[PDB]
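The next block holds one structure in the form of structure tokens; read it before the comments.
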Amino acid sequence: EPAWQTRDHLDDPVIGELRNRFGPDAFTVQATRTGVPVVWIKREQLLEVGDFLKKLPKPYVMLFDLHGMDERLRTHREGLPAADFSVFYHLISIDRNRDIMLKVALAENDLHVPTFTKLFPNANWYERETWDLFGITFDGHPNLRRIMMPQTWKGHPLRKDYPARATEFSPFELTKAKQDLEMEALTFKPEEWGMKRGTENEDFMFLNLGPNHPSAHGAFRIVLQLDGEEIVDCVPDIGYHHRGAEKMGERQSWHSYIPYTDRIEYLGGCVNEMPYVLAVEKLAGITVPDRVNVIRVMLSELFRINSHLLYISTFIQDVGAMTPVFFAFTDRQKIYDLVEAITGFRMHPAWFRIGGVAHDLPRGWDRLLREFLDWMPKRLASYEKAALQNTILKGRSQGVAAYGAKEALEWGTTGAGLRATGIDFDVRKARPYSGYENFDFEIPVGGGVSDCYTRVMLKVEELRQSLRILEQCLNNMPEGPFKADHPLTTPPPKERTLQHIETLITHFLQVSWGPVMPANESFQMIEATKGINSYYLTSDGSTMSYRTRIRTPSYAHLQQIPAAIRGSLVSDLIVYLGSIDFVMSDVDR
Amino acid sequence: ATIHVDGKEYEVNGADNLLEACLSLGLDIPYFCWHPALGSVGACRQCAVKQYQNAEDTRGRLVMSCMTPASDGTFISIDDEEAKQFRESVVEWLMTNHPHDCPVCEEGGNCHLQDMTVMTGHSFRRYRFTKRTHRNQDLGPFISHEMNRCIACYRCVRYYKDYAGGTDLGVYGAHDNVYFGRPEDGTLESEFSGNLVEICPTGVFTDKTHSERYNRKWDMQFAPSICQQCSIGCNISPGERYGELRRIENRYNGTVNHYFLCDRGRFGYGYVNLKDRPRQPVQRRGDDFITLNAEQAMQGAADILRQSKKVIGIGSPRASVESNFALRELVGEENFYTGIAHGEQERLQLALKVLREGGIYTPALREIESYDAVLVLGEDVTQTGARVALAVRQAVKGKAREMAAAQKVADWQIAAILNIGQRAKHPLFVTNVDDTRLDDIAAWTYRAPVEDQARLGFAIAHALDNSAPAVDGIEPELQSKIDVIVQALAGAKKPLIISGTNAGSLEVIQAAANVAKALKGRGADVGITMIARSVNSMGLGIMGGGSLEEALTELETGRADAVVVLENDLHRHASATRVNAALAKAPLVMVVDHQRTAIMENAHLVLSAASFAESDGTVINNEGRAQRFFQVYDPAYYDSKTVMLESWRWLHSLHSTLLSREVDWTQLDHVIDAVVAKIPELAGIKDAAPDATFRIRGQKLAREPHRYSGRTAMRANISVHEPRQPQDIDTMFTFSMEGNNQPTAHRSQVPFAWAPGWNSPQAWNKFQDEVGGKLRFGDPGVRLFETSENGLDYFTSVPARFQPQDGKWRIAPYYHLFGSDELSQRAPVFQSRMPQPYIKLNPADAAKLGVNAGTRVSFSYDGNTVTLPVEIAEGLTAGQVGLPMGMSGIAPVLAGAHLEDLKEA
Amino acid sequence: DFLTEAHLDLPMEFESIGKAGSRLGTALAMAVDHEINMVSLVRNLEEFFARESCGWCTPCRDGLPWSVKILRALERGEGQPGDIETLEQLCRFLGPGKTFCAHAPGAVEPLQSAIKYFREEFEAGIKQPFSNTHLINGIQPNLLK
Ligand SMILES: CCCCCCCCCCC1=C(C)C(=O)C(OC)=C(OC)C1=O
Ligand code: SF4
Ligand code: SF4
Ligand code: SF4
Ligand code: SF4
Ligand code: FES
Ligand SMILES: [Ca+2]
């Protein structure tokens, strides 16, 4: 039985516990291709269900995702409660290694849900995002304001009636009045945040760290309330890097959305490509062969080494040593030589396809892979012994912005931070995707404290394990097809397209109108370069995505930022920013 | 009936087969040879499903869902493994000989064969041998032929012969060398041959007019509109690309024009893409021709209109309801004149009085196919209202349909129906000045002058009911034919009487009304159908006004020093010399038109109006249905200096500048509400379409498909900065793909049909409640008037017998589907299809004059000694000259007129 | 359907020949000796049946020439793997009820009978490997396993 089959998920013990707790007429179970039990629950019992899941013997301790969905345009809703809007809550229990997805149905006029922030503190930014893009109000939320759009924005962009393109609206006319109005909108108002901008002894200092700061890894701004050098409170202001990629997912075909998936986490590349194409293959019912899995593992581990090299060099640069970034980018250029050879592009390859990859491996890729595998470990050991074993770097890093497993779980922290708290939870081992079971590699974990130094050394060990994976896949690569034999493989193989009429017809209708994926819900969760990246795709049975929800780890890390750096100095914040491994396309999407 | 599809219980209609029942429920079964209009023949063998007779049955039997009735207690499986493999094998067998032609095929992206190859999931080729090839034929200027792409599904021949009644298309050849076409090269002379490009699931028959300037279906910007080439008002989907009208697709209206258009309405759209059209307001200063924008044109026009003592307005039946009303409200009630002549207006008002006061229900075009005995009086339907002639052919085959239904044979078994009803058919009696194209199925054809046709109609009315006025002087053989017609009409259950204003006589319409009244008096379900001339003739008749002669004499006597002509050439309804003298004598001629007419030399100001592809409006068709047509594209998006607006917008802003000295661009709903407020008889045009505030769950209706391409590059030669998409404040549509085009949306105006997996015109299946039936959530357009409680009285003005006077020749009209329309003949593709101007003569009259066939004779009408070559017409009665109406220099107003000095020159 | 020597001691009734996987037909039997190659005989039969099609319905019209060309390849020794399986699938998908009339089931009965009884003659005509494509320089082909 294939793993993409629509599973009703009535064999999960969490469903039985929910039946024995709330009764058999309290919820509906939706059969999806997510691999996760989807439970439609009533709005009145949402907090009780959340408390019951939090108080389980092996509880669901993490809020993975929280977002809305416009169901007004969804034609195929058989077996679902009647809804104009819906809110889904994706929760993870690491102890059971299980997920659940609670869905709440809302009418068009009664668009209010009880807040989830008391059960999970990381729900704050998710609820602000759901209010900003869908207009759904959360009762009891502390500060429900726009988080992706500026405060002087009319309408909610992820609603179906909102226009997706900039050409629908008037072209961007920057006048003096508009500049003044948007500058007053962008000015930080501490009375809105309850910052209390003064003390009897002295005055607090309000500083904009970002958008134009060397320490900020993008266009975002942390507003710091300071006394002298110490941070009293922080307001991380995001939404400056919003590209509307989910609304773009509603606007492109299944095949033509792959380059947009590539730019979600621009240091990730094929790592960003994999969850989307895996979810689309779950929707289509495509089981890719072994060679496709090994090639995709190759490219994603190569890009993981690339991203980790950039992260380590960036951390060393923000600590103060400006030398190893040059050599780390030289190693990045070696990886880029291999990636240019394979995919034809440097940093956004867009090489993964539905059912396979764009081309076969060119003749001679193993020579460049062997060159990189010989070049890498001496350079990495040099970086370690030159900067990562530096006592000044250790003084700037060890003990700085430290949190335990409780803070990592309550804020949805994934990736190197969660493993640095001692929780051994990696997606490539817990829920193995793309044939990662065939590769012998270790998962580094920490001692229980998630320092800057601990996260950086964990990423160094992850780089070494990725080098081991690359060596294993270089020594054993299958000799088969680079595309699946499914009819929904988009696009079909090129030579058959160029000389057969069936293949020409399939190519013609798949690159123009798009592949028709039948109406189902799919979900794929992978271990990204910066944490856990997930794609949740709702298909309406058409050639375009009805809903594309992208869960990213940098969003959770930036929401965790005020709770881990409050009371510290600004230097600790600089090291914390350099040691988080975030980019801002990842956050704002 | 109750069926079980894949274990799911469904309630279907037991008189339908399994294919249309399952397609109505939304179940996707592949099919080629079945069409909702043609029937089931079981040719392509693509619709296979596995049938079980019991709920507990494992083996089953592969049957054809198109040939299997949807009886109660049938358990069918569509996605069973055996059925799916057989359907994939049928697609594979069709793919063995199919050419590698999809990039160079006009049907690519609109192909049913592509959609069904993808739907069955066949994408691997194991056939390694050669593919058969075919030569191609020249089918004329409209249809391009590519025989290699054929799958031998027999849809073309079934439509063209068993539906359209054509005679030059057929199947030839053998085992796998089947050819579909003509026995030689030549033009397909059926008036409905253009539907072959949508009937054919492959790219064999393609639109050559669209193939000249070809774009794909996703690149097309569509709109729902009404065809403006005659009075039937078929719903069309005009689609444009790069600022020019590319294609006219069929728009499904289950009430009017369900699957089929006529060739004039499908290939006569080329006048929109003419380069001589006015694109700006142009003002004449002596010999100089200066160009204004909208504001200066309004200010100058209002200044000269205020500096005049009386302003009159000449409308047109070519204009919409709103533009004619805006002219009427600009110039006043008493100063508004309809652009048609006095006789044309008299015939039009008589036809309207018969329709909305005669007490006889006027059927819709779909309902014409259900009437038993058809009597056509005076109308040449196949050349003026051709789609009505197609529905008349269907009503004629209704006899074979009922005879096969008497033998417990299903409705969809079209081959068995044609086998049982071999040549027996419903009675059809056509009267004309000559032979018609309905004569192959007509029970009788009466070739006579219009006076004698009217006398035969009055004799039929007198023989059906003795209270009708009698006509004395009928020959005994004609009396025998009349009593044959009377016995056929009296024995019918639903008789239909079809007349119109194109016959050129009032007494023909009076005789048709008397026949309908006599049939109603016997207790019969009689229907009557008047065929008007232009698209909005009935709306102009309802709104009313003076004739063109009254406006001409008002200009000639000097009481009118300002004339506003709305979309009229004025040479079609009156003599060119008198019109030219009247417009030259008037000191201000202001012409709102979108086509370069001949009266623009004398025009002091020309307003570049918008055609149907660039304007919104309402048109009233021949049966009194108000239909809204929507704008397809904004003309100023590509060409920035184009100032081309709606004619009602022109005239409303002109009246606002006349009154308050302010330019006011209104909205379509404001003009609509003005019509409903001022004219109570046009009150139904408000409900023809919903207003601009209508939304489908908050979003508008998309004019283009969701895969519309080239957005950031289609205007990059002008400027690299892409402008905002044009905003439609008039309608509920948007000039973008950011909108709704779902098959399950609660609307009646569908711009185009597309569904996931259905890119062909078979995508209209998803937009109907049942396939081949009504559109889902009702058809667009509402009827203006209902059938009255009481009817008219008998018209006692029986005309005298036509006596051929010496010297004077009565002009017999000869209408042509290609040539007799004002705007269709301006299309460049119609030049190769329009017949040469030939004057038709009797052999006896030509022998008296010494003329043989071919040579040229000259006749003078209103000081115009024009010379035409002579064609001998045996069926034409002596004393008449046959002239082609609507040609160059021969107006349709010439019908019924005299002709002096007919000499060989 | 072709029958063997063991079927010769069978009465010539409809139900007796029908039970043994054949048809009585017109009861005018035709004998095939050992010198007659059965692939050539079935090729001649299918050539007659394909060229005497009426062309109304898809499976006979566009699948009998496929069997004809497969048997021409097998006659000349240019058969490729999958051809006999294609013939078997054609026999299964041209049976009673699949086509509009009964010309095609009677067409494909000798083919399936010959494959059932004399498969070794059909397998002997498969000499070259399967090749439907040709090499396009610059595009690496998808090597399905
Ligand atoms: C000039 C000497 C070499 C400099 C190399 C810098 C490499 C990247 C530094 C990290 C960084 C990233 C990724 C980054 O995205 C960013 O935001 C725009 C920064 O602030 C300016 C950064 O500092
Ligand atoms: S008819 Fe259809 S399948 Fe055939 S070449 Fe044209 S687009 Fe392709
Ligand atoms: S030409 Fe077109 S409609 Fe006619 S049989 Fe061939 S595929 Fe069918
Ligand atoms: S019958 Fe008249 S309205 Fe219909 S398509 Fe032809 S010209 Fe147009
Ligand atoms: S099976 Fe019969 S109906 Fe079908 S094409 Fe062959 S001979 Fe004609
Ligand atoms: S659709 Fe039934 S056989 Fe063609
Ligand atoms: Ca408009």
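Residue numbers start at 1 in each chain; chains themselves are named A, B, ... in the order of the structure tokens; ligands are numbered from 1 in the order shown.
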Run DSSP on the backbone and grab whatever in range 83-246 of chain A lands in helix (DSSP H, G or I); send it over as a count of residues only. 25
Expected answer as a PyMOL selection string: chain C residues within 12 Å of chain A, only C-alpha atoms: chain C and resi 132-145
Could you dump the residues just selected with N, CA and C atoms as a PDB file, in the first residue's frame?
```pdb
ATOM      1  N   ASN C 132      11.741   2.195 -29.543  1.00  0.00           N
ATOM      2  CA  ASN C 132      10.739   3.095 -30.094  1.00  0.00           C
ATOM      3  C   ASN C 132      11.279   4.495 -30.336  1.00  0.00           C
ATOM      4  N   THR C 133      12.318   4.889 -29.612  1.00  0.00           N
ATOM      5  CA  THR C 133      12.881   6.225 -29.703  1.00  0.00           C
ATOM      6  C   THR C 133      14.176   6.218 -30.507  1.00  0.00           C
ATOM      7  N   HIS C 134      14.655   7.421 -30.812  1.00  0.00           N
ATOM      8  CA  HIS C 134      15.973   7.621 -31.388  1.00  0.00           C
ATOM      9  C   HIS C 134      16.699   8.678 -30.570  1.00  0.00           C
ATOM     10  N   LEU C 135      18.026   8.660 -30.652  1.00  0.00           N
ATOM     11  CA  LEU C 135      18.840   9.527 -29.810  1.00  0.00           C
ATOM     12  C   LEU C 135      18.745  10.971 -30.284  1.00  0.00           C
ATOM     13  N   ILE C 136      18.392  11.866 -29.369  1.00  0.00           N
ATOM     14  CA  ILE C 136      18.413  13.300 -29.627  1.00  0.00           C
ATOM     15  C   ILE C 136      19.636  13.874 -28.926  1.00  0.00           C
ATOM     16  N   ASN C 137      20.556  14.439 -29.704  1.00  0.00           N
ATOM     17  CA  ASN C 137      21.819  14.912 -29.151  1.00  0.00           C
ATOM     18  C   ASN C 137      21.586  16.168 -28.322  1.00  0.00           C
ATOM     19  N   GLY C 138      22.048  16.143 -27.075  1.00  0.00           N
ATOM     20  CA  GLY C 138      21.838  17.226 -26.138  1.00  0.00           C
ATOM     21  C   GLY C 138      20.834  16.927 -25.049  1.00  0.00           C
ATOM     22  N   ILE C 139      20.048  15.862 -25.182  1.00  0.00           N
ATOM     23  CA  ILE C 139      19.049  15.485 -24.188  1.00  0.00           C
ATOM     24  C   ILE C 139      19.380  14.088 -23.688  1.00  0.00           C
ATOM     25  N   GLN C 140      19.604  13.966 -22.390  1.00  0.00           N
ATOM     26  CA  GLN C 140      19.837  12.662 -21.787  1.00  0.00           C
ATOM     27  C   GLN C 140      18.513  11.922 -21.654  1.00  0.00           C
ATOM     28  N   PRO C 141      18.378  10.723 -22.216  1.00  0.00           N
ATOM     29  CA  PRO C 141      17.085  10.034 -22.181  1.00  0.00           C
ATOM     30  C   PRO C 141      16.768   9.473 -20.805  1.00  0.00           C
ATOM     31  N   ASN C 142      15.472   9.349 -20.532  1.00  0.00           N
ATOM     32  CA  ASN C 142      15.000   8.758 -19.288  1.00  0.00           C
ATOM     33  C   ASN C 142      15.046   7.240 -19.407  1.00  0.00           C
ATOM     34  N   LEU C 143      15.927   6.610 -18.637  1.00  0.00           N
ATOM     35  CA  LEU C 143      16.169   5.172 -18.717  1.00  0.00           C
ATOM     36  C   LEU C 143      15.298   4.477 -17.674  1.00  0.00           C
ATOM     37  N   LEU C 144      14.076   4.132 -18.071  1.00  0.00           N
ATOM     38  CA  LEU C 144      13.163   3.443 -17.171  1.00  0.00           C
ATOM     39  C   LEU C 144      13.595   1.996 -16.971  1.00  0.00           C
ATOM     40  N   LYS C 145      13.461   1.516 -15.740  1.00  0.00           N
ATOM     41  CA  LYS C 145      13.837   0.148 -15.407  1.00  0.00           C
ATOM     42  C   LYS C 145      12.603  -0.720 -15.175  1.00  0.00           C
TER      43      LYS C 145
END
```
Closest atom pairs, chain C residues within 6 Å of chain B, only C-alpha atoms, as CSV:
```
residue,atom,partner,partner_atom,distance
C:51,CA,B:175,CA,5.7
C:53,CA,B:175,CA,4.3
C:54,CA,B:175,CA,4.8
C:55,CA,B:175,CA,4.5
C:56,CA,B:43,CA,5.9
C:57,CA,B:43,CA,4.6
C:58,CA,B:44,CA,5.2
C:61,CA,B:176,CA,5.4
C:62,CA,B:93,CA,5.4
C:132,CA,B:128,CA,5.3
```
Residues just named, written with C-alpha atoms as a PDB file, in the first residue's frame:
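What landed in out-v6.pdb:
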```
ATOM      1  CA  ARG C  51      -8.330  -4.486 -44.963  1.00  0.00           C
ATOM      2  CA  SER C  53     -12.867  -3.404 -41.922  1.00  0.00           C
ATOM      3  CA  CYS C  54     -15.617  -0.865 -42.471  1.00  0.00           C
ATOM      4  CA  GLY C  55     -13.926   1.867 -40.429  1.00  0.00           C
ATOM      5  CA  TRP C  56     -16.909   2.796 -38.269  1.00  0.00           C
ATOM      6  CA  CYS C  57     -15.508   1.987 -34.848  1.00  0.00           C
ATOM      7  CA  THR C  58     -12.104   2.607 -33.313  1.00  0.00           C
ATOM      8  CA  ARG C  61     -10.084   0.110 -37.485  1.00  0.00           C
ATOM      9  CA  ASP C  62      -7.016   1.254 -35.522  1.00  0.00           C
ATOM     10  CA  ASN C 132      10.739   3.095 -30.094  1.00  0.00           C
TER      11      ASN C 132
END
```
Expected selection as a PyMOL selection string for ligand 3 within 7 Å, only C-alpha atoms and all ligand atoms: chain B and resi 33+147+149-157+180+199-202+204-205
Can you check which parts of chain A lie within 6 Å of ligand 1? Per residue, the shortest pair of atoms and distance in Å to one decimal, counting only C-alpha atoms and all ligand atoms, sorted by chain and number, as CSV.
```
residue,atom,partner,partner_atom_place_in_ligand_line,distance
A:213,CA,ligand 1,21 (C),5.8
A:214,CA,ligand 1,21 (C),3.7
A:215,CA,ligand 1,20 (O),5.2
A:216,CA,ligand 1,20 (O),5.0
A:217,CA,ligand 1,17 (O),3.5
A:218,CA,ligand 1,17 (O),3.7
A:314,CA,ligand 1,10 (C),5.0
```
What residues in chain A have any atom no more than 9 Å from chain B when counting only C-alpha atoms, and can you write them as a ChimeraX atom specification? /A:72-73,75,160-171,251-253,485-488,492,496,498-506,508-509,512-516,541-544
Please save N, CA and C atoms of the selected residues as a compact mmCIF listing (two decimals), in the first residue's frame.
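Final output, saved to part-v8.txt:
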```txt
# COMPACT_ATOMS: atom_id res chain seq x y z
N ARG A 72 -14.64 29.88 0.94
CA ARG A 72 -15.81 30.35 0.20
C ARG A 72 -15.80 29.87 -1.24
N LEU A 73 -14.62 29.65 -1.81
CA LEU A 73 -14.46 29.27 -3.21
C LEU A 73 -14.19 27.78 -3.38
N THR A 75 -15.13 24.28 -4.00
CA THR A 75 -16.29 23.56 -4.52
C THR A 75 -16.42 22.16 -3.93
N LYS A 160 -10.18 35.59 -0.89
CA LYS A 160 -10.31 35.22 -2.30
C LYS A 160 -10.71 36.41 -3.17
N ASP A 161 -11.47 37.36 -2.62
CA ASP A 161 -11.90 38.52 -3.39
C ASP A 161 -10.83 39.60 -3.51
N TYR A 162 -9.73 39.48 -2.78
CA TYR A 162 -8.67 40.47 -2.88
C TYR A 162 -7.82 40.21 -4.13
N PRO A 163 -7.49 41.25 -4.89
CA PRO A 163 -6.67 41.05 -6.09
C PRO A 163 -5.24 40.66 -5.75
N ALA A 164 -4.71 39.70 -6.50
CA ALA A 164 -3.39 39.17 -6.20
C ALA A 164 -2.26 40.01 -6.79
N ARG A 165 -2.44 40.57 -7.98
CA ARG A 165 -1.35 41.20 -8.70
C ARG A 165 -1.27 42.69 -8.41
N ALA A 166 -0.06 43.24 -8.55
CA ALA A 166 0.13 44.68 -8.40
C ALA A 166 -0.44 45.44 -9.58
N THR A 167 -0.55 44.80 -10.74
CA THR A 167 -1.12 45.45 -11.91
C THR A 167 -2.62 45.65 -11.79
N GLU A 168 -3.28 44.91 -10.89
CA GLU A 168 -4.69 45.17 -10.61
C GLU A 168 -4.88 46.52 -9.95
N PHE A 169 -4.04 46.85 -8.98
CA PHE A 169 -4.09 48.15 -8.33
C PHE A 169 -3.33 49.18 -9.15
N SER A 170 -3.43 50.43 -8.73
CA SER A 170 -2.68 51.50 -9.37
C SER A 170 -1.19 51.29 -9.15
N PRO A 171 -0.34 51.69 -10.10
CA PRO A 171 1.11 51.57 -9.90
C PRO A 171 1.58 52.43 -8.74
N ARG A 251 -1.96 31.71 -7.39
CA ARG A 251 -1.93 32.39 -8.67
C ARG A 251 -1.16 31.64 -9.76
N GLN A 252 -0.28 30.72 -9.39
CA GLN A 252 0.50 29.96 -10.36
C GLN A 252 -0.01 28.53 -10.45
N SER A 253 0.42 27.84 -11.49
CA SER A 253 0.10 26.43 -11.64
C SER A 253 0.97 25.61 -10.69
N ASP A 485 7.37 7.35 -13.96
CA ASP A 485 6.56 6.90 -15.08
C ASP A 485 5.08 7.23 -14.91
N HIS A 486 4.73 8.02 -13.91
CA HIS A 486 3.35 8.43 -13.71
C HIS A 486 2.91 9.37 -14.83
N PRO A 487 1.64 9.31 -15.23
CA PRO A 487 1.14 10.26 -16.24
C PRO A 487 1.14 11.71 -15.79
N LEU A 488 1.11 11.97 -14.48
CA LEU A 488 1.10 13.33 -13.96
C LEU A 488 2.50 13.87 -13.70
N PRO A 492 6.87 15.73 -18.80
CA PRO A 492 7.32 14.40 -19.22
C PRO A 492 8.75 14.45 -19.74
N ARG A 496 11.00 11.89 -25.51
CA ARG A 496 9.70 11.32 -25.84
C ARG A 496 8.71 12.40 -26.22
N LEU A 498 9.59 15.20 -27.69
CA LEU A 498 10.01 15.64 -29.01
C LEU A 498 9.72 14.64 -30.11
N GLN A 499 9.44 13.37 -29.79
CA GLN A 499 9.19 12.43 -30.87
C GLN A 499 7.97 11.52 -30.69
N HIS A 500 7.14 11.71 -29.67
CA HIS A 500 5.91 10.94 -29.52
C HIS A 500 4.74 11.88 -29.30
N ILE A 501 3.58 11.52 -29.85
CA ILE A 501 2.44 12.43 -29.83
C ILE A 501 1.70 12.38 -28.48
N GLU A 502 1.67 11.23 -27.81
CA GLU A 502 1.08 11.16 -26.47
C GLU A 502 1.86 12.01 -25.49
N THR A 503 3.19 11.89 -25.54
CA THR A 503 4.06 12.68 -24.67
C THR A 503 3.99 14.16 -25.02
N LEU A 504 3.87 14.47 -26.32
CA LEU A 504 3.70 15.85 -26.74
C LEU A 504 2.39 16.44 -26.22
N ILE A 505 1.31 15.66 -26.25
CA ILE A 505 0.02 16.12 -25.74
C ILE A 505 0.10 16.37 -24.23
N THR A 506 0.71 15.43 -23.50
CA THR A 506 0.83 15.57 -22.06
C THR A 506 1.68 16.78 -21.69
N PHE A 508 2.16 19.45 -23.64
CA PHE A 508 1.42 20.63 -24.08
C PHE A 508 0.38 21.04 -23.04
N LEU A 509 -0.36 20.08 -22.51
CA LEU A 509 -1.39 20.42 -21.54
C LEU A 509 -0.85 20.58 -20.13
N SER A 512 1.01 24.37 -20.27
CA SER A 512 0.15 25.50 -20.59
C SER A 512 -0.95 25.72 -19.56
N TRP A 513 -1.87 24.77 -19.45
CA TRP A 513 -2.93 24.90 -18.46
C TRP A 513 -2.45 24.46 -17.08
N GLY A 514 -1.54 23.49 -17.03
CA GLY A 514 -1.06 22.97 -15.78
C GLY A 514 -1.60 21.58 -15.52
N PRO A 515 -0.87 20.78 -14.74
CA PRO A 515 -1.37 19.45 -14.38
C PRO A 515 -2.60 19.55 -13.49
N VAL A 516 -3.56 18.67 -13.74
CA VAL A 516 -4.80 18.64 -12.97
C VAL A 516 -4.60 17.66 -11.82
N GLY A 541 -9.03 20.42 -7.11
CA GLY A 541 -9.23 19.65 -8.31
C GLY A 541 -8.87 20.38 -9.59
N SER A 542 -8.32 21.58 -9.49
CA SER A 542 -7.96 22.39 -10.64
C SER A 542 -6.46 22.30 -10.89
N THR A 543 -5.96 23.13 -11.80
CA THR A 543 -4.56 23.17 -12.16
C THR A 543 -3.76 24.16 -11.32
N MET A 544 -4.40 24.84 -10.38
CA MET A 544 -3.73 25.78 -9.50
C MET A 544 -4.04 25.40 -8.06
```
Neighbour list for residue 118 in chain C as a VMD selection string, cut-off 10 Å, only C-alpha atoms, skip fewer than 3 positions in-chain: chain C and resid 2 4 38 to 39 112 to 115 121 to 123
Quick one: residues within 7 Å of ligand 7, with only C-alpha atoms and all ligand atoms, as a list in words?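 Checked against 7 Å with only C-alpha atoms and all ligand atoms; the hits are residues 615, 616, 631, 728, 729 and 730 of chain B.
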In Å, rounded to a single decimal, give me how far CA of residue 448 in chain B is from CA of residue 877 in chain B.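 For CA of residue 877 in chain B relative to CA of residue 448 in chain B, the distance reads 6.0 Å.
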Which distance in Å separates CA of residue 220 in chain B and CA of residue 751 in chain B, to one decimal?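 Computing the Euclidean distance for CA of residue 220 in chain B and CA of residue 751 in chain B yields 11.0 Å.
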Would you mind listing what lies within 12 Å of residue 822 in chain B as a PyMOL selection string, with only C-alpha atoms counted and same-chain residues fewer than 4 positions away left out? chain B and resi 228-230+264+268-269+271+316-318+533-535+567-573+595-597+816-818+826-827+830+885-892
Any idea what's packed within 7 Å of residue 500 in chain B, counting only C-alpha atoms, ignoring anything in its chain fewer than 6 positions away? Could you give it as a PyMOL selection string? chain B and resi 379+509+530-532
